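Topology and contacts: notes
So the chains spell out like this:
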Amino acid sequence: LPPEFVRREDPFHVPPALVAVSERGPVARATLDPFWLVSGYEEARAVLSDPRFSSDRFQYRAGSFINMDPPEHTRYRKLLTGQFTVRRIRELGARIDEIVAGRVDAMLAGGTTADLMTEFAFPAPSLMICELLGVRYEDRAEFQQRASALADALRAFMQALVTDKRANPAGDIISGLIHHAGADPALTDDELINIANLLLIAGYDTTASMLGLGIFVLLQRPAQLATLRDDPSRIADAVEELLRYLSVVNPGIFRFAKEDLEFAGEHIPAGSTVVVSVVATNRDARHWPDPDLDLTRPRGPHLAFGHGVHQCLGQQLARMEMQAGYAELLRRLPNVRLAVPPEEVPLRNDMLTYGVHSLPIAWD
Ligand code: HEM
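Description of the structure in this document. (Residues numbered from 1 in each chain as written, not as in the entry; some residues may be left out. Heavy atoms only, no water. Residues with missing side-chain atoms left out of burial classes, pairs and counts.)

1. Some thoughts on the overall build of the chain
- Along the chain, the regular secondary structure elements total 14 helices and ten strands.
- Here the C-alpha atoms of the chain give a radius of gyration of 21 Å, agreeing with the 21 Å that 2.2 N^0.38 yields for 364 residues.
- Across its three principal directions, the C-alpha atoms of the chain cover 60 × 55 × 35 Å. (Helix = DSSP H or I, 4+ residues; strand = E, 2+ residues; numbered from the N terminus. Rg over C-alpha atoms; globule rule 2.2 N^0.38 Å.)

2. Overview of the environment of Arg 45
- Along the chain, the position of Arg 45 falls in helix 2 (residues 41-48).
- What makes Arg 45 partly exposed here is its relative accessible area of 29%.
- Not counting the four nearest positions on each side in its chain, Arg 45 is found in contact with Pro 301, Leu 303 and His 307. (Buried < 20%, exposed > 50% of the residue type's maximum accessible area, 1.4 Å probe, protein only. Contact = heavy atoms within 4.5 Å.)

3. Re the coordination of the iron atom of the ligand
- A lone protein donor binds the iron atom of the ligand: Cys 312 (SG), at 2.3 Å.
- Here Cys 312 lies in the loop between helix 13 (278-281) and helix 14 (315-332). (Donors = N, O, S within 2.8 Å, 3.2 Å for Na, K, Ca; no water.)

4. Section: the site of the ligand
- Near the ligand, the surroundings consist of 21 residues, among which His 73, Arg 77, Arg 255, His 310 and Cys 312 are the closest.
- Within the contact set of the ligand, an oxygen atom lies 2.9 Å away from a side-chain nitrogen or oxygen of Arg 77.
- Contacts to the ligand include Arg 255, whose side-chain N or O atom sits 2.9 Å from an oxygen atom.
- At the level of elements, helix 3 (72-83), helix 10 (189-219) and strand 5 (253-257) are the ones that each hand at least two residues to the shell around the ligand.
- The dominant element in the shell around the ligand, judged by the number of residues it contributes, is helix 10, at six residues.
- Considering only residue class, the shell around the ligand consists of twelve nonpolar, seven polar and two charged. (Near = heavy atom within 4 Å. Polar contact = N/O pair within 3.5 Å; in protein donor to acceptor, adjacent residues only side chain to side chain. Nonpolar A, V, L, I, M, F, W, Y, C, P; charged D, E, K, R; others polar.)

5. Description of the sheet that holds strand 10 (residues 360-362)
- Read from one edge of the open sheet, three strands run 4-10-9, paired in antiparallel fashion. Of all the strands in the sheet, the pair left with one neighbour each is strand 4 (113-115) and strand 9 (337-338).
- Both strand 9 and strand 10 contribute to a ladder of two bridges, which runs antiparallel. Looking across to strand 10, one finds that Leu 338 is bridged to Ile 361. (Pairing = 2+ DSSP bridges.)

6. Considering the sheet that holds strand 8 (residues 273-276)
- Taken together, five strands build an open sheet; the order of strands is 1-2-8-5-3 and the sheet is mixed. Each edge of the open sheet is held by one strand with a lone partner, namely strand 1 (27-31) and strand 3 (53-54).
- In the sheet, strand 5 pairs with strand 8 via four bridges, with the strands oriented antiparallel. Its bridge partner lying in strand 8, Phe 256 is registered against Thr 273.

7. So, the nonpolar core
- If you look at the biggest cluster of nonpolar residues, it comprises 87 residues, and the most contacted ones within it are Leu 133, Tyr 326 and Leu 359.
- When residues in this core are grouped by element, the largest group, 16 residues, is from helix 10.
- Contacts of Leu 133, omitting those with residues within four sequence positions, involve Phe 143, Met 158, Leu 161, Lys 165, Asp 172, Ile 173, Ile 174, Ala 196 and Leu 199.
- In this structure, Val 27, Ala 257, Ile 268 and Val 276 belong to the second largest nonpolar core, which totals 18 residues. (Core = buried A, V, L, I, M, F, W, Y, C linked by side-chain atoms within 4.5 Å.)

Spelled out as structure tokens, the structure:
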């Protein structure tokens, strides 16, 4: 909540206030009312899989499972996980390849410069989500217009979509939830709408911010760019390392104590806010001796997608988009470079998810 804990003056450093708090320990009391800040890798994994911590902000919209606990969460989670099938994953991977290639085709057709956010980083994830939800070609413009806005207009869209899927089932996930998931009870229109919007909202800004902040960082770290571009077989490690290092979720992952409890030696009253700082945890020097950006590091676990029963439902889609997107940009925009000085690129401090507002780039 205090801005000291939110603001990141630069993608390369942990916010000084956080560094300060983490010196008092990996689960540390701070003041909002005391809340606790988790900055240790092993302790963050503990809290995120400890059942004494809730995702319900208040207890201590139907189908909005991100703020539910088991067993209500489990119902929805099982249904969505059920519908992330190998067929769906395979078809979405191909669609993602086509999406990223189309946006790069458009950028090359248009000139030798572009704002990467406008032309690539927002379009790619919104189109991905179109394909996931079953939005028809002729409705993407409208979906993109709305998506920018940032219910009830958007809520009206998903209602229409839902009604269309009940009448006319396709292979999308909303169709799957209606017709194929053996749901019982059957999902209401309201639940389907909130699920659809949850997927949009969880996957849009996050994926966009990884795509733009990642290119921003690589543009400033020529040895790292050259590694991604020149060794395409290590795209999977590169993406893990970008996920860990950029830590776009900000100011972190929130939980709320269900009851008075003791954790890592702290005495936390029921209701208290506990926040896992993704960027601090992902640079825990007790776990990564050298936590600097290194795209040659073999893949190991991080917290960028969280952990436990709520860990990112979309993480495989997100990975496929980042793997396909970063590789497509670096392969196809020759000598890609910033078109302004790096210090002039505006970062998103005054918003939740960290990233960039705009990213002017050029190529030959
Ligand atoms: C780089 C991109 C992304 C990042 C960093 C990200 C990160 C996260 C994190 C940290 C959580 C856990 C929140 C918590 O524990 O409270 C989360 C949950 C979630 N993510 Fe993502 N995510 C991304 C992309 C996506 C995509 C593309 C979708 C599309 C389906 C998506 C859907 C979700 C949903 C539905 C949840 C809630 C899961 C539940 O509560 O069971 N995410 N994500």
